[PDB]
Amino acid sequence: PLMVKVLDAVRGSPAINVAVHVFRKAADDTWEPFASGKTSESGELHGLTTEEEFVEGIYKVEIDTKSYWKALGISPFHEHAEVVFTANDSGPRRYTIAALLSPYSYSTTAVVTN
Amino acid sequence: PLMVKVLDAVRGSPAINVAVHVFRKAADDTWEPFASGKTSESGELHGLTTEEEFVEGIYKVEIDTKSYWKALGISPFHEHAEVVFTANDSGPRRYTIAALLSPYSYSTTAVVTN
Amino acid sequence: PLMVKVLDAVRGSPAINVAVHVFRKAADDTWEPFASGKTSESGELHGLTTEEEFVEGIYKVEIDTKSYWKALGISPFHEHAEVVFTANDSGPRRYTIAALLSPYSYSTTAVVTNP
Amino acid sequence: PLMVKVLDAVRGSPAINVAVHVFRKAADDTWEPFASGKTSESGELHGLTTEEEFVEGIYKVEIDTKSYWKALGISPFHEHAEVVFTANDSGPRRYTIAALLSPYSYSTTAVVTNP
Ligand SMILES: Cc1cc(/C=C/c2ccccc2)cc(C)c1O
Ligand SMILES: Cc1cc(/C=C/c2ccccc2)cc(C)c1O
């Protein structure tokens with residue numbers, strides 16, 4: 001029910017081998033590790049979770065943008081990109097979190113479908 | 001070799017049934033019709049052209065954003081969104097033109113791969 | 001009543017010396033030249049027009065992004081960024097067209113105010 | 001040396017009365033409150049800090065987008081927009097953090113200048 005897609009606005013390409021960490025907000029308001037992986041050759045990270053595990057709650061998707069730019073020999077602005085959202089059962093069932101990266105900027109959108 | 005993808009930043013969804021027109025710049029500097037279609041349920045328009053037909057040149061992708069917003073009962077700012085670019089044979093072979101739409105803003109990116 | 005602001009997402013800076021051409025749709029449906037200029041050291045272009053001259057119409061703001069990236073020695077994707085809009089159709093407004101540039105992507109937004 | 005600017009992509013207007021909280025990473029790796037405020041009628045928030053107080057560090061600018069869209073009666077996707085960056089590590093700079101908001105999307109950029 002959760003996919004992450006990362007694109008590179010400098011090169012016009014998928015952002016490949018980017019580390020992505022997902023956290024779930026715990027009852028004590030700390031962030032607990034939930035899922036992680038590296039984006040593929042297509043800039044996508046599939047298979048993070050299952051419908052059973054992905055219960056309603058607040059989630060954070062952290063994208064390791066700084067390492068990505070450093071590997072390309074570029075000095076970037078941000079430490080990482082964060083996307084924080086609530087998963088809601090009455091909304092559509094599948095969430096795609098997309099991020100478009102530049103050295104000093106990023107944009108993100110959610111595509112939520114059934 | 002050309003795909004167009006359109007997303008809605010207000011609803012968090014693909015932008016469905018959006019008209020898209022592609023033009024090729026002629027030798028007299030006018031824009032000639034090249035390809036057109038309506039985005040699908042996934043917000044994508046596939047099958048616009050073939051490798052044989054998609055020669056080097058300057059192309060314009062016009063997305064009929066105004067009709068899209070009007071159909072949702074929303075008054076938008078732009079008449080349409082335009083994306084104008086050169087197709088180059090020495091670059092990668094497949095072009096995805098992506099647009100993210102809001103009533104008073106849009107963003108676009110190109111993902112060019114082999 | 002018309003201002004254009006351009007930022008560079010690679011440098012984290014204003015996009016300076018960007019050429020901007022504005023056109024207005026004529027009665028015969030062609031694009032007539034309306035005004036032009038270049039962004040300053042602040043990435044802003046002021047003074048394109050006056051409230052008298054900026055009548056109702058369909059306007060196109062063409063931002064010459066390829067010339068900007070090539071002047072910097074960089075090969076970008078787009079030829080330019082075009083913003084096309086109806087202006088002043090419920091009376092005079094003030095328009096700021098802002099653009100954020102990367103080599104293979106741009107974002108644009110409008111801020112419309114009623115003086 | 002720190003300014004935050006927020007625009008609304010639905011209205012084509014400044015995003016007014018948006019709460020912004022800034023944090024700074026402490027020695028113990030926790031986020032310490034640093035400053036806070038609300039955007040004005042222009043969508044800008046000035047006066048968060050001083051050049052003396054804005055020392056080298058890792059800073060987080062949290063823009064309370066959900067409170068903004070809910071204050072407007074709208075149900076948005078994100079809880080907030082977070083911008084996290086190292087500041088002043090090659091000496092004092094001036095930072096503008098700009099954000100463009102939609103219910104299911106946002107864009108942010110930084111303009112970094114050397115006074
Ligand atoms: C312009 C833009 C494109 C994208 C890319 C969306 C996308 C999604 C699936 C396939 C290709 C592109 C993402 C964001 C956050 C953007 O601002
Ligand atoms: C198109 C756009 C404009 C803005 C606004 C930029 C800005 C900054 C200072 C003054 C005016 C506009 C911000 C972002 C993230 C954007 O994608």
Side-chain angles (χ1 to χ4, degrees), chain A residues 25 29 56-61 82-92 95 97 106-112, chain B residues 8-13 69 72-77 100-107, chain C residues 93-94 96 98 107 109-114, chain D residues 2-23 31 33-49 59-84 96-109:
Chain A
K25 195 168 221 199
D29 278 355
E56 291 187 302
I58 299 182
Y59 294 82
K60 173 181 57 156
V61 174
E82 302 261 72
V83 178
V84 182
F85 68 96
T86 297
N88 178 27
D89 279 353
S90 59
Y95 301 68
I97 301 298
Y106 66 89
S107 72
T108 189
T109 197
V111 188
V112 188
Chain B
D8 177 332
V10 172
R11 303 198 293 160
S13 67
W69 291 118
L72 288 171
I74 291 159
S75 186
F77 178 73
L100 180 61
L101 307 184
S102 303
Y104 285 73
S105 178
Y106 66 89
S107 72
Chain C
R93 300 294 181 273
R94 298 199 197 294
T96 297
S107 300
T109 197
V111 183
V112 183
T113 67
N114 186 343
Chain D
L2 183 61
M3 192 269 271
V4 180
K5 179 140 178 93
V6 188
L7 293 179
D8 179 324
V10 173
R11 292 173 152 221
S13 69
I16 73 172
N17 294 323
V18 179
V20 179
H21 293 256
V22 185
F23 306 84
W31 290 110
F34 181 81
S36 64
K38 293 221 181 176
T39 61
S40 72
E41 288 178 357
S42 72
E44 301 184 1
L45 172 52
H46 293 267
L48 282 164
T49 192
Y59 291 82
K60 175 172 54 171
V61 176
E62 203 160 43
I63 303 170
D64 291 340
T65 61
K66 181 171 179 169
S67 290
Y68 169 74
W69 291 115
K70 287 182 150 281
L72 296 174
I74 302 207
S75 313
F77 183 74
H78 303 91
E79 293 298 303
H80 45 65
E82 295 181 319
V83 179
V84 181
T96 297
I97 304 301
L100 178 62
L101 305 184
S102 302
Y104 281 75
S105 178
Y106 60 89
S107 300
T108 187
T109 197

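Values reported hereafter were calculated over all heavy atoms of this structure, with side chains retained and with hydrogens, waters and symmetry mates removed. Sequence lines set the chain letters: A, B, ... in the order given, protein chains first and strands last, and positions in each chain run from 1.
Contact of the B:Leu101 side chain with the B:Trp69 side chain is registered, since non-hydrogen atoms from C-beta on lie closer than 4.5 Å. Between A:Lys60 and D:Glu82, some side-chain heavy-atom pair lies under the 4.5 Å cut-off. Residues D:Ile63 and D:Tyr106 fail the side-chain proximity criterion, which asks for heavy atoms closer than 4.5 Å. No side-chain heavy atom of A:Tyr95 sits less than 4.5 Å from a side-chain heavy atom of A:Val61. Side-chain contact between B:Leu72 and B:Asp8 is present, with at least one heavy-atom pair separated by less than 4.5 Å. In this structure, D:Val84 and D:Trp31 have side chains that are in contact, with non-hydrogen atoms separated by less than 4.5 Å. Residues D:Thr39 and D:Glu44 fail the side-chain proximity criterion, which asks for heavy atoms closer than 4.5 Å.
If you check the side chains of D:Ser102 and B:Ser102, you find a donor sitting under 3.5 Å from an acceptor.
Counting only distance, with no hydrogens or angles, the side chain of D:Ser107 and the backbone of D:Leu100 share no donor-acceptor pair below 3.5 Å. A:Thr86 places no side-chain N or O within donor-acceptor distance of the main-chain N or O of A:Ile58, the cut-off being under 3.5 Å. For D:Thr108 (side chain) and D:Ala98 (main-chain N/O), a donor-acceptor pair under 3.5 Å exists by modelled atom type.
When the salt bridge (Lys or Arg N to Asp or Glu O under 4.0 Å) test is applied to D:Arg11, no partner is found at least two apart in sequence or on another chain. Partners of D:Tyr104 under the side-chain contact (heavy atoms from CB on, under 4.5 Å) rule, at least two apart in sequence or in another chain, are A:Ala110, A:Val112, D:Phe77. Looking at residues two or more places apart in sequence or on another chain, you find a salt bridge (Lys or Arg N to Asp or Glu O under 4.0 Å) between D:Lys66 and D:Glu79.
Taking CD1 from A:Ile97 and NE2 from D:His78, the interatomic distance works out to 5.5 Å, rounded to the nearest 0.5 Å. The line from OG of D:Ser40 to CD1 of D:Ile16 is 8.5 Å long, rounded to the nearest 0.5 Å.
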Discussion item. Set out, in order, the CA-CA distance, both residues' side-chain angles and the distance that settles side chain to side chain contact (heavy atoms under 4.5 Å, CB included) for D:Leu45 and D:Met3, then state yes or no.
Written reply: CA-CA 6 Å; D:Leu45 172 52; D:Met3 192 269 271; over 6 Å; no
Discussion item. Let's go through D:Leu2 and D:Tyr59 carefully: what are the C-alpha distance in whole Å and the side-chain angles of both, what is the deciding distance for side chain to side chain contact (heavy atoms under 4.5 Å, CB included) to 0.1 Å, and is it a yes or a no?
Written reply: CA-CA 11 Å; D:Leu2 183 61; D:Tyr59 291 82; 5.8 Å; no
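The two atoms that bring D:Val10 and D:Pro103 nearest to each other are CG2-CD, 3.5 Å, heavy atoms only. Closest approach of D:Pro14 to C:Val111, counting heavy atoms only: CD-CG1, 3.9 Å. Shown here for D:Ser36 and D:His21, the closest heavy-atom pair between the two residues is CB-ND1, 3.8 Å. For the residue pair D:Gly37 and D:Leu48, the shortest heavy atom distance occurs at N-CD2, 4.0 Å.
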